[PDB]
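Asker: Can you keep this structure in mind? I'll have questions shortly.
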Amino acid sequence: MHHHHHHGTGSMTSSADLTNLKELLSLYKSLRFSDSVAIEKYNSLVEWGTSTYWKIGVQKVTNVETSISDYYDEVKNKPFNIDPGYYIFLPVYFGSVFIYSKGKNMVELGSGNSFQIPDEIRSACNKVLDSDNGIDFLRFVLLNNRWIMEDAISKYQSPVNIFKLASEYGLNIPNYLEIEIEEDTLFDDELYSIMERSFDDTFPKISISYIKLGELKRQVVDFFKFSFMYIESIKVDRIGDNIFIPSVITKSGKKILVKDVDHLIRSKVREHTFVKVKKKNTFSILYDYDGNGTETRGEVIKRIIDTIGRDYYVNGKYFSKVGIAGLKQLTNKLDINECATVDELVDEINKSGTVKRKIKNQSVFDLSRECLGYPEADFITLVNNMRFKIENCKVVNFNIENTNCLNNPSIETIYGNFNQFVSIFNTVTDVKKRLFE
Amino acid sequence: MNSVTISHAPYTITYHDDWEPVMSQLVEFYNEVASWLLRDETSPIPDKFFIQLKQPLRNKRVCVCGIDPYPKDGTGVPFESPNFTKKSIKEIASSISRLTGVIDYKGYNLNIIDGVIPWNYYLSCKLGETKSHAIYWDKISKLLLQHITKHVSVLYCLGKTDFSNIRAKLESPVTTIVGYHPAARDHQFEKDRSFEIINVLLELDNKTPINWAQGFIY
Amino acid sequence: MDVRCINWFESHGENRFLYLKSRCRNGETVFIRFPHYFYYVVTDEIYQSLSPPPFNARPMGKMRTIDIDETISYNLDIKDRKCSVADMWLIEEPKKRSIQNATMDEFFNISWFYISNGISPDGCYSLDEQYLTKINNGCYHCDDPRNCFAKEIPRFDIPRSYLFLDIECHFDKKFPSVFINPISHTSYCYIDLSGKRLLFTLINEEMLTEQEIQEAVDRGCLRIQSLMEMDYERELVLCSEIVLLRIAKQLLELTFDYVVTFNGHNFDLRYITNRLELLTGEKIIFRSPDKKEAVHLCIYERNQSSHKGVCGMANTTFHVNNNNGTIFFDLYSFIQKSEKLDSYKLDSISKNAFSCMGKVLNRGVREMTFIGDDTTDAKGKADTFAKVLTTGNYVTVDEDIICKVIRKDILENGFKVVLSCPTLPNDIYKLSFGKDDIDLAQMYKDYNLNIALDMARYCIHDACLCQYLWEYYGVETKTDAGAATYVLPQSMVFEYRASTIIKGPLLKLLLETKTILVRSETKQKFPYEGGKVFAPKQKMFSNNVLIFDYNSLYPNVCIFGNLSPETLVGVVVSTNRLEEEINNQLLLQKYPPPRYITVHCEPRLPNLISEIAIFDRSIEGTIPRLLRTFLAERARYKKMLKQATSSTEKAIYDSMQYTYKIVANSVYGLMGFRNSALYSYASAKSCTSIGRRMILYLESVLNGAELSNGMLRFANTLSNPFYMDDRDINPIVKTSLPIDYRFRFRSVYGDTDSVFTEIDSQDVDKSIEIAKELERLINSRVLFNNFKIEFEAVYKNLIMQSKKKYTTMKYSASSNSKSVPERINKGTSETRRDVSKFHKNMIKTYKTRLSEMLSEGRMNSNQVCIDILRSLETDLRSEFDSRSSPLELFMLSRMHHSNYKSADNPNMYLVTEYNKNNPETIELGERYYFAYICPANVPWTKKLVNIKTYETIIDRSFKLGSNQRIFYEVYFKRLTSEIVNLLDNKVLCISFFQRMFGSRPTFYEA
Amino acid sequence: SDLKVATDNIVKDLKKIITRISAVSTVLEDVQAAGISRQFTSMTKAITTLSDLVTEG
Amino acid sequence: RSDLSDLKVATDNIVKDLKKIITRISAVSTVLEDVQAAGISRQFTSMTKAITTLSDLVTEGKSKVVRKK
Amino acid sequence: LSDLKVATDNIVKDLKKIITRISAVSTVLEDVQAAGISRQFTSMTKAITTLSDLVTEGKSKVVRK
Amino acid sequence: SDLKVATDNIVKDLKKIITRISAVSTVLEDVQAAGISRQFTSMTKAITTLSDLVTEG
DNA sequence: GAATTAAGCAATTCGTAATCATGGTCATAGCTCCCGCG
DNA sequence: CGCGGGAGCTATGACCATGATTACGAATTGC
């Protein structure tokens, strides 16, 4: 029976498994850059490598710290002399740092979770990555619902023409200035201030990254002063159709900018207590520090909501509003003209082929969840703890089964707005009935 | 570099300092297999059985493992042919020429490459026979290849039927490549790209890629 | 022309031929050569699209191709399964041809030869000789296996030839080497075509002096100098080792039906062929039946890599590359695959197999006479013991005392043997063929003629022991049953695991049903939930426990639920409860409950909350029709076993129904296995879900069941849980029992397919009668469709340590109160092979003592806790001080493999150190005896560090040194932990375990 | 009631101290946490001696 | 309040001020010991309530500053 | 009482407790003056003046000369 | 009603201390006499500070 | 020369290794007083 | 008289040692 081998080996010498191993190598070199999906693909491919070649030099990973600091260097807060040569200056922005690696998902620094981005920004990033293969990742900044490319770190080419292409497909970019130097100019506070002024961007920048033409391992330089300013109140500001930013306010009226809700709650900002800020020339930037109080995560979220208002819930990086919710919210989430009833809505969805295709592909629960701007996992956790009475795909009656989810105030706020969610869900079930049935 | 006594016909085994922890057991096995081995006219010269023991193992990171020497005109170094009449080393030269593009070569040698130790599993074969001295070289081959796979990172095996049990023959897990034999029909050694796979698997283990163009003889 | 198929076998390269070894009625062996093709199945348009024309193409009819893809659906908008009916052709190719979009490529070419030509591999066939083309004497060529193999005559008996052998080799060290140690003895059991069972042993004359040789000739052992002088009739023949090996080569080159040797491919036949290349250079040449090709005997090492964890190499079996049609059978590999024993060497296998009860009629000072017959033991056990005792030399008495046989007399229905035994008090003892109290290295060291004849007797005992193990396990009948059932060659029956042995009857099923199952997408990985093992509600039962086991539960689950990959309409999943309720309502409307069954399973993904699989029961699938065929054929062969009178036909039909039982149990496991041809994650997970639901249903009706006034009242409503059923749902059920019975039933435990019901009664025959009433009432009213339970046993004094670990006495349905209790132990330390025999014996005696306190009456557990702790303390200190118990009673075992996540595991390193230091090579899958050894100079140790570094593998050559000792403390730790887990109060047990070993004992929580 | 108003303004001044350390205690460093935990444990040792001296007499 | 370029001077202020109130409370400790040694009859239930309130206040102060990591 | 070492040790260790207690009296008087409650210190002034007279007499009588 | 009896007990303890120093003071010897004199300078400094606190109003 | 198979999970026990509760010890800041030198 | 050097008490966080907890893997049985 040696027409069947003694212990049969696969076609692991073939060129297809060679390309699979090269994909494993390229994904291992960008293991910290990639999302959770490419990490799971890497783990499955390492399992394949152990199954075939009996030992692989790399190993399966469970948690990966998402850090692009290997392509960066330690930041300095002292004035320093710079070398002569060509230099490209790119501002580093205040908001949450995100990267778009070759896994075609939007990777978040510090947690590695894949963030949900709009379709036009996704298409522009895909066209940027398909135009130029040599880009390792696309560093982005999320603040005030604006996806802006802070930097485009690549090995071979400069980021200047990459930023020009990003301007071509519609990605928002900072102003690039190629300013050369002759002598060893001391990079002091005045030259940094006039450089930030010459950037001429109204968006909040925290530091400035200078780019060498032919040298990698790029450096960020930050000038700031640690300050401790007393706090009057925490006020919310409108940055979108339904969502809000936290903005913490001192006694004098200086607006200390907060990166996101997670930045506000990991530093444990309390009313009438001191906070750690990075003092700048114009803006005030809160430090990325951890609070030292004994108050837990749910209780600090609860007291932040109680100070802001009980009609607010945490939606990822931004707070959000609840209230009356009819056809206009579904209209603005369908990016079409205003509606008074179901019939005009379904007729103009029949007019709009792309909108009809998006209705067909997306489920009714996902559509109605995105209509009211709910978080994904938090709303799944809320629905998974309660029962429903359903007739003809419509929630005619709902009652809550587990009270233990209501200690989280975001879950309680979505449970308060669940009547409007039920109304909008009945509307979208009616729409899906009058289109595809 | 180091030498131990042998009661039988080679009478001397020259080995490197990193080949030391297997030598007492290799002499123990050879002193019981050689009295029956040396009756047959071996394809390598019996003084050339252990040339590959004169090679260090720390600098080697990949091992090209054949099952036996060539049945005629055995040099004693695996896949070494100054005459270059052997078909197997001709297919190795063809595959490395497909890797590099270097088509103007007189011969090929896997011994001269940095990081490559060419290996015969069974260290000798009878003239005109394949796997003839397998029963003599079985435990010796298990011991010596276990030492190599403890030292090197990637194991490359030039036989599908011959090296099908290579995970049983080695006690420690190693990166093993059970590739097709160069003399195999249906052009399966022409089809596969195992040396590229060797290079990729070595960069997965943070090792230096093999300059395969070093093995060409001009 | 009437033949019966012996073996099927393929040509070794060059032209690829398939041969059939067959036997006529007169005993003449008939070989039929077939052209073996690479069979391929394509559609009509692919068949005409082939640029090279096929060698052969037979019209296979309109066969449906179904895409079996488990695609989850988050709504009920599920597309229909891709069924494409097309004309299909069997592309028979002499060379391997890569055909794009060729379906049914998973099956073997030998199975495609079998099903398409209508040939059963275990079948008797009248051959049309016009299709047979004669090649040479005894070999034919059949180019048309359709019309030639068309007449299936019934089964006729055949004179099968056999060569059971075993060899002995000289050794001064622990294990022989081939190159420096000669062969001393080669014994054979030459059963030829005439049935003349010849038991002859070859003596090596080079290990004897010349005066010793002529003394052996004068003692009756003839001496030969060549092959032509050799006579197989004389039992003891002296020769040189070259003549001995040429006799071995001549015997192995003979075309036997079965050459069977225990550990022979690994050791005996390999040593024979290697020493044959050594001394004379000859080779055991296996020639083809048409004599075109001739191959030499080369033992190829076949390793079975595991499929769990790191997918390391798990088992290693050694085989012979013969092409003459002989099924070279290694019994060591077969009993390694089948039986669960501590060591698989021949002594322990013969001890477990040939065990008999022997009463004592005559007692002596040193000669103790044992008589065994049908009164002492079961029917046929004493006859088997006499059959082994015909060539046997040593009998082990009461598992401890090994006795040499002085004189042996074979009775008509039993045996009569005197034994070298001390005088013993009891009358009935267990007689078995265990170890052999000789030291074979020293016995070879002082080698003289009496030693040579004694180990010739031991060698012929081992060679005939291969025959007695062959007939004990029914390996010829199991081989024929596996050939007919799995539709494999007779050589290929045991050498393949579940997937290849299901690919035959699945090929049969797919060609009757005109179905093709294809998997276009890749197969991804999910864990799921198996059967529901209930928590035992009481740790002890003084009452009887009724055992209601489902008759092949998961086959009935698949047949009932139509749980096949192609009958899966879709998998409905929900990430939220609202979509779950919408999908529940739309599943109630869209798929009606009689035609479709909705199986509420666990989620395959962590974000999902529900996963419902829908199965169409309008037509039955591959899994239900395959399992219905398996269960119907098992019932049919069991029925013919009931209407059989001869022991041979009874053995054939018993092996037939056993093989159908094994393959029907295997269909479950191949659905969950990812790489199988039966793979369906939805159908396997639905099988476990529906089986769990039936377990909950049968437990819930039997929880609190009250049989009052001759009427059975079930506590819960008798509803079919999957759908509304037409049958009656009234829980109060009339019985056929007397009115005075007022008994309460409590379902205390539940297995994967068994539900344990505790009746409050303690009378045995009453419990058996009431439980038979419960079984028939459940099968008539509680259960439904194909679901039937079989009452297995009444468990008297059932002692459950934990889940899946219990010890009890068997009172089966056929048994009664007057019958002797039979000890069923399941999952506890007596079945455990990582538990020493000392631990097993003491847990048996102390559990019997606690069973005795439960049988005497209600008395407090504090005092009994105290006295068991005192008796245990006395016995463990006496064992630690005296060390009177031998090395064998303190000896654990382990299976060796390479399925290890960590490369530096001390088990793998320990077996590596054994194979590197000691000449015995432990293979993968080998079971090795190990013990815990520390130097004797150390004192009694409370705390434990590096226990696994104290492991040392013990073989037959190992002797305990004076400076070394057994580490008894971990044995006492494990044993004391098992005592205190059975005990009630924790407080005294923790104090005892801290005063004896200084640790906190782990306690099971119910 | 001199000790009453004495304990009253110790309560008032200590509550002012608790409010200002509550204002600054979100952002305290490690060696600060060490030193002020030392200083607070010295003060609670002082009030433990107070409790023992006013309970026993 | 307002802006602090370095917190650490205010930390020196709270350390010295809390040292001052420890000197006050040790002073009232060793003068309450003096009036207990004087032998005058007193009722210190209100002192027990006051030190209970003081203990609650200092445990509130210690509950969120003592433990790191 | 020989060598007067124990008496000197006693009159060193007691006066440290005495200065601790009179600093405690001054500290608690500063505390109750910082309370804001109106108080009168006539008899306290009389006691302070007579203990000042006694401690000046003790200082005049404790001189080594 | 408590500080006056506290300083009365202080005056009584100082009376006992002054009488025992007057008893032992037939011989004092210079180094411990100078130490007690510097302790009396600390005494009159504390008395001067408390007299300032009672005369400041 | 090559040629593929390979049953599922539940559940328990024993040993090993990472992690943490508890406790001992050691620097270490506070911190408080004794002595002293101008 | 006033502040520095020094010496000794005194808790107190950081760190190390010991032992109990728990995940983690192998062995094994069961069904």
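Starting from 1 in every chain, residues are counted up; chains themselves are A, B, ... following the order of the structure tokens, and ligands are numbered from 1 as listed.
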Please return the superposed copy of chain D as a tab-separated table (two decimals) with N, CA, C and O atoms, in the first residue's frame; the fit should be least squares onto chain G across all sequentially paired Cα atoms.

Answerer:
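Written file, result.tsv:
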chain	number	residue	atom	x	y	z
D	1	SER	N	-14.63	75.21	81.89
D	1	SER	CA	-13.41	75.47	82.64
D	1	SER	C	-12.42	74.32	82.49
D	1	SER	O	-11.76	73.92	83.45
D	2	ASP	N	-12.32	73.79	81.27
D	2	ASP	CA	-11.36	72.72	81.00
D	2	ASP	C	-9.93	73.24	80.99
D	2	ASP	O	-9.02	72.58	81.50
D	3	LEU	N	-9.71	74.43	80.41
D	3	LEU	CA	-8.38	75.02	80.44
D	3	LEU	C	-7.99	75.49	81.83
D	3	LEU	O	-6.80	75.55	82.15
D	4	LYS	N	-8.98	75.80	82.68
D	4	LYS	CA	-8.69	76.18	84.06
D	4	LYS	C	-8.10	75.01	84.84
D	4	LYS	O	-7.06	75.14	85.48
D	5	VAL	N	-8.75	73.83	84.77
D	5	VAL	CA	-8.21	72.67	85.48
D	5	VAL	C	-6.98	72.11	84.76
D	5	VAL	O	-6.12	71.48	85.40
D	6	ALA	N	-6.85	72.36	83.45
D	6	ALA	CA	-5.63	72.00	82.74
D	6	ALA	C	-4.44	72.83	83.24
D	6	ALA	O	-3.39	72.28	83.57
D	7	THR	N	-4.61	74.15	83.33
D	7	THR	CA	-3.54	74.97	83.88
D	7	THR	C	-3.33	74.69	85.37
D	7	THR	O	-2.21	74.79	85.86
D	8	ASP	N	-4.39	74.24	86.06
D	8	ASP	CA	-4.28	73.86	87.47
D	8	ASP	C	-3.37	72.65	87.66
D	8	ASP	O	-2.49	72.66	88.52
D	9	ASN	N	-3.57	71.58	86.87
D	9	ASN	CA	-2.68	70.44	87.12
D	9	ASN	C	-1.31	70.61	86.48
D	9	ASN	O	-0.36	69.96	86.93
D	10	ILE	N	-1.16	71.49	85.47
D	10	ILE	CA	0.20	71.88	85.06
D	10	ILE	C	0.90	72.63	86.18
D	10	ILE	O	2.09	72.40	86.44
D	11	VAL	N	0.18	73.51	86.89
D	11	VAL	CA	0.75	74.22	88.04
D	11	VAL	C	1.13	73.23	89.15
D	11	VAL	O	2.22	73.32	89.72
D	12	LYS	N	0.26	72.25	89.41
D	12	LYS	CA	0.52	71.27	90.47
D	12	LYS	C	1.70	70.36	90.12
D	12	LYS	O	2.59	70.14	90.95
D	13	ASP	N	1.73	69.83	88.89
D	13	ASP	CA	2.82	68.95	88.47
D	13	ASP	C	4.13	69.71	88.36
D	13	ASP	O	5.19	69.18	88.72
D	14	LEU	N	4.09	70.96	87.87
D	14	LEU	CA	5.29	71.77	87.81
D	14	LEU	C	5.78	72.15	89.19
D	14	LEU	O	6.99	72.24	89.40
D	15	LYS	N	4.88	72.36	90.16
D	15	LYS	CA	5.30	72.63	91.52
D	15	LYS	C	5.93	71.39	92.16
D	15	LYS	O	6.87	71.52	92.95
D	16	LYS	N	5.42	70.20	91.83
D	16	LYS	CA	6.08	68.96	92.25
D	16	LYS	C	7.47	68.84	91.64
D	16	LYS	O	8.43	68.41	92.32
D	17	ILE	N	7.61	69.24	90.37
D	17	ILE	CA	8.91	69.26	89.71
D	17	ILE	C	9.85	70.26	90.38
D	17	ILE	O	11.03	69.96	90.61
D	18	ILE	N	9.34	71.44	90.75
D	18	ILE	CA	10.14	72.45	91.43
D	18	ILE	C	10.58	71.97	92.81
D	18	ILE	O	11.72	72.20	93.22
D	19	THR	N	9.70	71.25	93.53
D	19	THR	CA	10.10	70.70	94.83
D	19	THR	C	11.18	69.63	94.69
D	19	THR	O	12.13	69.59	95.48
D	20	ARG	N	11.07	68.75	93.68
D	20	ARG	CA	12.08	67.70	93.57
D	20	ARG	C	13.40	68.24	93.02
D	20	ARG	O	14.48	67.80	93.46
D	21	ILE	N	13.37	69.22	92.11
D	21	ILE	CA	14.62	69.85	91.70
D	21	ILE	C	15.16	70.75	92.80
D	21	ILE	O	16.37	70.98	92.83
D	22	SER	N	14.33	71.24	93.72
D	22	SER	CA	14.86	71.94	94.88
D	22	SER	C	15.53	70.97	95.83
D	22	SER	O	16.49	71.33	96.52
D	23	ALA	N	15.02	69.73	95.89
D	23	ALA	CA	15.66	68.70	96.69
D	23	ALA	C	17.02	68.30	96.11
D	23	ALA	O	17.96	68.03	96.86
D	24	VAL	N	17.13	68.27	94.78
D	24	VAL	CA	18.37	67.77	94.16
D	24	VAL	C	19.30	68.88	93.67
D	24	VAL	O	20.44	68.58	93.29
D	25	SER	N	18.87	70.14	93.69
D	25	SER	CA	19.58	71.20	92.99
D	25	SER	C	20.71	71.82	93.79
D	25	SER	O	21.42	72.68	93.26
D	26	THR	N	20.90	71.41	95.04
D	26	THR	CA	22.05	71.87	95.81
D	26	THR	C	23.34	71.28	95.26
D	26	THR	O	24.40	71.92	95.31
D	27	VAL	N	23.26	70.09	94.67
D	27	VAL	CA	24.42	69.26	94.40
D	27	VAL	C	24.56	68.97	92.89
D	27	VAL	O	25.24	68.02	92.49
D	28	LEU	N	23.98	69.81	92.04
D	28	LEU	CA	24.03	69.57	90.61
D	28	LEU	C	25.41	69.91	90.05
D	28	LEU	O	26.09	70.81	90.54
D	29	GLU	N	25.81	69.18	89.01
D	29	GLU	CA	27.12	69.36	88.40
D	29	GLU	C	27.07	70.49	87.37
D	29	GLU	O	26.06	71.19	87.22
D	30	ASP	N	28.17	70.68	86.64
D	30	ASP	CA	28.30	71.84	85.77
D	30	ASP	C	27.56	71.62	84.45
D	30	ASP	O	26.79	72.48	84.00
D	31	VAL	N	27.80	70.47	83.80
D	31	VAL	CA	27.13	70.18	82.53
D	31	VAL	C	25.64	69.94	82.76
D	31	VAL	O	24.81	70.24	81.89
D	32	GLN	N	25.27	69.45	83.95
D	32	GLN	CA	23.87	69.43	84.34
D	32	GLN	C	23.27	70.82	84.49
D	32	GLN	O	22.14	71.04	84.03
D	33	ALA	N	24.00	71.76	85.09
D	33	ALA	CA	23.52	73.14	85.19
D	33	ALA	C	23.35	73.76	83.81
D	33	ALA	O	22.35	74.44	83.56
D	34	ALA	N	24.28	73.45	82.90
D	34	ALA	CA	24.18	73.92	81.52
D	34	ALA	C	22.95	73.36	80.81
D	34	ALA	O	22.16	74.13	80.24
D	35	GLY	N	22.76	72.04	80.87
D	35	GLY	CA	21.64	71.43	80.17
D	35	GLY	C	20.29	71.80	80.75
D	35	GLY	O	19.33	72.05	80.01
D	36	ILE	N	20.19	71.87	82.08
D	36	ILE	CA	18.89	72.16	82.67
D	36	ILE	C	18.60	73.66	82.62
D	36	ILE	O	17.44	74.07	82.58
D	37	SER	N	19.64	74.51	82.54
D	37	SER	CA	19.40	75.93	82.29
D	37	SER	C	18.94	76.15	80.86
D	37	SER	O	18.07	76.99	80.60
D	38	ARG	N	19.50	75.37	79.91
D	38	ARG	CA	19.00	75.36	78.54
D	38	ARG	C	17.54	74.93	78.48
D	38	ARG	O	16.72	75.56	77.80
D	39	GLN	N	17.19	73.88	79.23
D	39	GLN	CA	15.85	73.31	79.16
D	39	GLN	C	14.83	74.26	79.81
D	39	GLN	O	13.73	74.49	79.27
D	40	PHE	N	15.22	74.88	80.93
D	40	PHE	CA	14.39	75.88	81.60
D	40	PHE	C	14.24	77.15	80.77
D	40	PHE	O	13.16	77.76	80.80
D	41	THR	N	15.28	77.57	80.05
D	41	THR	CA	15.13	78.75	79.21
D	41	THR	C	14.27	78.45	77.99
D	41	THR	O	13.56	79.35	77.50
D	42	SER	N	14.28	77.21	77.50
D	42	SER	CA	13.32	76.82	76.47
D	42	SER	C	11.89	76.87	77.00
D	42	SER	O	10.97	77.33	76.30
D	43	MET	N	11.68	76.42	78.25
D	43	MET	CA	10.33	76.47	78.81
D	43	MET	C	9.88	77.91	79.08
D	43	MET	O	8.69	78.24	78.91
D	44	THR	N	10.80	78.79	79.49
D	44	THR	CA	10.37	80.17	79.68
D	44	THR	C	10.21	80.91	78.36
D	44	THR	O	9.42	81.86	78.30
D	45	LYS	N	10.87	80.46	77.29
D	45	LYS	CA	10.53	80.95	75.95
D	45	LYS	C	9.13	80.51	75.55
D	45	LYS	O	8.38	81.27	74.93
D	46	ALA	N	8.76	79.27	75.92
D	46	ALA	CA	7.40	78.79	75.66
D	46	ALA	C	6.35	79.60	76.41
D	46	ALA	O	5.31	79.97	75.84
D	47	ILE	N	6.61	79.94	77.68
D	47	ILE	CA	5.62	80.74	78.40
D	47	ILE	C	5.67	82.21	77.99
D	47	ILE	O	4.67	82.92	78.15
D	48	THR	N	6.79	82.68	77.43
D	48	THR	CA	6.81	84.02	76.84
D	48	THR	C	5.94	84.07	75.59
D	48	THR	O	5.22	85.05	75.36
D	49	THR	N	5.98	83.00	74.77
D	49	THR	CA	5.08	82.91	73.63
D	49	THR	C	3.63	82.80	74.08
D	49	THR	O	2.73	83.35	73.43
D	50	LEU	N	3.38	82.10	75.20
D	50	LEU	CA	2.05	82.08	75.80
D	50	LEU	C	1.58	83.47	76.20
D	50	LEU	O	0.43	83.84	75.93
D	51	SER	N	2.44	84.24	76.88
D	51	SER	CA	2.07	85.57	77.34
D	51	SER	C	1.80	86.51	76.17
D	51	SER	O	0.83	87.28	76.19
D	52	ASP	N	2.63	86.43	75.12
D	52	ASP	CA	2.40	87.23	73.92
D	52	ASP	C	1.11	86.83	73.21
D	52	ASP	O	0.37	87.70	72.74
D	53	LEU	N	0.82	85.53	73.14
D	53	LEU	CA	-0.36	85.07	72.42
D	53	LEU	C	-1.65	85.35	73.17
D	53	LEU	O	-2.69	85.56	72.54
D	54	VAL	N	-1.62	85.36	74.51
D	54	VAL	CA	-2.82	85.71	75.26
D	54	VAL	C	-2.94	87.20	75.53
D	54	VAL	O	-4.02	87.67	75.92
D	55	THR	N	-1.87	87.98	75.34
D	55	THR	CA	-1.98	89.42	75.45
D	55	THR	C	-2.44	90.04	74.13
D	55	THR	O	-3.37	90.85	74.11
D	56	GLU	N	-1.79	89.65	73.03
D	56	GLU	CA	-2.18	90.19	71.73
D	56	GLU	C	-3.49	89.57	71.24
D	56	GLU	O	-4.34	90.27	70.68
D	57	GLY	N	-3.67	88.27	71.45
D	57	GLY	CA	-4.88	87.60	71.04
D	57	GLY	C	-4.67	86.63	69.89
D	57	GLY	O	-3.75	86.79	69.09

Asker: As a ChimeraX atom specification, please: every residue in range 82-304 of chain A that a backbone DSSP assignment puts in strand (DSSP E or B).

Answerer: /A:85,87-93,96-101,106-108,114-115,135,137-143,146-151,154,172,177-178,181,186-187,205-212,219-221,225-229,231-238,243-250,255-257,275-279,284-286

Asker: Check the DSSP output for the backbone and give back, as a PyMOL selection string, the residues of chain E in helix (DSSP H, G or I).

Answerer: chain E and resi 8-38+45-62

Asker: With a distance threshold of 7 Å and counting only C-alpha atoms, extract the residues of chain E near chain D and express them as a PyMOL selection string.

Answerer: chain E and resi 22+26+29+36+54+61+65-66

Asker: When you count only C-alpha atoms (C1' of nucleotides), which of these residues is closest to residue 34 in chain H: F:12, F:53, F:59, F:17?

Answerer: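 When distances to residue 34 in chain H are compared using only C-alpha atoms (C1' of nucleotides), the smallest one comes from F:12.
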
Asker: With chain C as the partner and 6 Å as the cut-off, tabulate the residues of chain H that qualify, each row holding the nearest pair of atoms and their distance in Å to one decimal, using only C-alpha atoms (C1' of nucleotides), sorted by chain and rising number, as CSV.

Answerer:
residue,atom,partner,partner_atom,distance
H:6,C1',C:307,CA,5.5
H:7,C1',C:669,CA,3.8
H:8,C1',C:669,CA,4.9
H:9,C1',C:530,CA,4.5

Asker: Store the residues of this selection in a file with N, CA and C atoms (P, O5', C5', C4', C3', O3' and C1' of nucleotides), as a compact mmCIF listing (two decimals), in the first residue's frame.

Answerer:
# COMPACT_ATOMS: atom_id res chain seq x y z
P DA H 6 -7.95 7.15 7.52
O5' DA H 6 -7.93 8.25 8.68
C5' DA H 6 -6.74 8.45 9.43
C4' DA H 6 -6.85 9.70 10.28
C3' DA H 6 -8.26 10.20 10.52
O3' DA H 6 -8.84 9.49 11.60
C1' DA H 6 -6.77 12.02 10.05
P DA H 7 -10.41 9.14 11.58
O5' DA H 7 -11.12 10.57 11.66
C5' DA H 7 -11.15 11.27 12.88
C4' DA H 7 -12.57 11.48 13.34
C3' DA H 7 -12.71 12.21 14.65
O3' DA H 7 -12.69 13.61 14.43
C1' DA H 7 -14.22 10.35 14.54
P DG H 8 -12.30 14.61 15.63
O5' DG H 8 -13.70 14.97 16.31
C5' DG H 8 -14.68 15.69 15.58
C4' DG H 8 -15.90 15.94 16.44
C3' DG H 8 -15.59 16.45 17.84
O3' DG H 8 -15.64 17.87 17.85
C1' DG H 8 -17.03 14.55 17.96
P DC H 9 -14.81 18.70 18.95
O5' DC H 9 -15.67 18.55 20.29
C5' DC H 9 -16.99 19.09 20.36
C4' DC H 9 -17.76 18.50 21.52
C3' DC H 9 -17.37 19.03 22.90
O3' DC H 9 -18.53 19.22 23.70
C1' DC H 9 -17.09 16.68 22.84

Asker: Which residues of chain E have any atom within 12 Å of an atom in chain A when counting only C-alpha atoms, and what is the closest pair of atoms for each, with the distance in Å to one decimal? Order the rows by chain and rising number and write it as a tab-separated table.

Answerer:
residue	atom	partner	partner_atom	distance
E:1	CA	A:230	CA	5.3
E:2	CA	A:230	CA	5.6
E:3	CA	A:229	CA	4.5
E:4	CA	A:228	CA	5.0
E:5	CA	A:227	CA	4.8
E:6	CA	A:227	CA	6.5
E:7	CA	A:228	CA	6.7
E:8	CA	A:228	CA	10.4
E:9	CA	A:228	CA	11.9
E:10	CA	A:228	CA	10.9
E:60	CA	A:294	CA	10.5
E:61	CA	A:293	CA	10.6
E:62	CA	A:294	CA	9.9
E:63	CA	A:294	CA	6.8
E:64	CA	A:294	CA	4.6
E:65	CA	A:293	CA	6.7
E:66	CA	A:294	CA	9.5
E:67	CA	A:294	CA	8.6
E:68	CA	A:292	CA	7.3
E:69	CA	A:292	CA	8.8
